[PDB]
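Every number in this text was worked out from the coordinates using simple rules, so none of it is lab data. For neighbour counting, all protein chains shown are included, and Cβ atoms are generated from backbone atoms with ideal geometry for every residue, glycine included.
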Amino acid sequence: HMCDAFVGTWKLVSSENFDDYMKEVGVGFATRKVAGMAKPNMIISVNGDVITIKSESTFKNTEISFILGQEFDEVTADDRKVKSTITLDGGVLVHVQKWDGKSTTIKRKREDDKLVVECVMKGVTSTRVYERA
Ligand SMILES: O=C1c2ccc(O)cc2O[C@@H]1C1CCCCC1
């Protein structure tokens, strides 16, 4: 019953500061514009110890599967090749991505009926709110 409150299908309903977050990450202009326009659905499932997170939008469809605490290699939607580790910290899913001596963290947390995503790169934070589909 690891991650029960995260499991399901979630749809983006608001975003703040995402363009600036993507700039900080190094995403180029055209990708920022199309990715920032996206209205992704986040689909989270669990089977045993394996968690799967799918993101589907008109921009890109991606899928990761992982075990908490166990690093994996990821190609991100913006085509970075990163080494990722996802853990549960005090009920928050914490996703750290490392590449080229850089690091960014994506936190997913349940707050009321929402799933709130906080993306942090250095001093720039973007907050994205998802609701159940
Ligand atoms: O993994 C990510 C993620 C997941 C959910 C969300 O709402 C925002 C997110 O931003 C990142 C990256 C997406 C693709 C573009 C670069 C940033």
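Quick notes on this one:
- From the options 50, 25, 13, 75, residue that is under 21 Å from residue 116 (Cβ atoms) and loosely packed, with under 14 Cβ neighbours inside 10 Å: 13
- Test: residue in the range 48-56 that is more than 10 Å from the ligand (Cβ to nearest atom), among the hydroxyl-bearing types (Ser, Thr, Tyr), under 14 Å from residue 108 (Cβ atoms) and assigned to a strand (DSSP E or B): yes
- Selection status of residue 12, near the ligand (Cβ under 10 Å from one of its atoms), in a strand (DSSP E or B) and touching a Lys or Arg at 6+ places or on another chain (Cβ under 6 Å): yes
- Residues within the range 57-68 that are within 11 Å of the ligand (Cβ to nearest atom) and in contact with a helix residue (DSSP H, G or I) (Cβ under 9 Å, 6 or more places away or on another chain), tallied: 3
- If you check 93, 68 for being touching a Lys or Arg at 6+ places or on another chain (Cβ under 9 Å), within 17 Å of residue 6 (Cβ to Cβ), in contact (Cβ under 8 Å) with a residue 60 or more places away in the chain and surrounded by 13 or more Cβ atoms within 10 Å (Cβ to Cβ), only one passes: 93.
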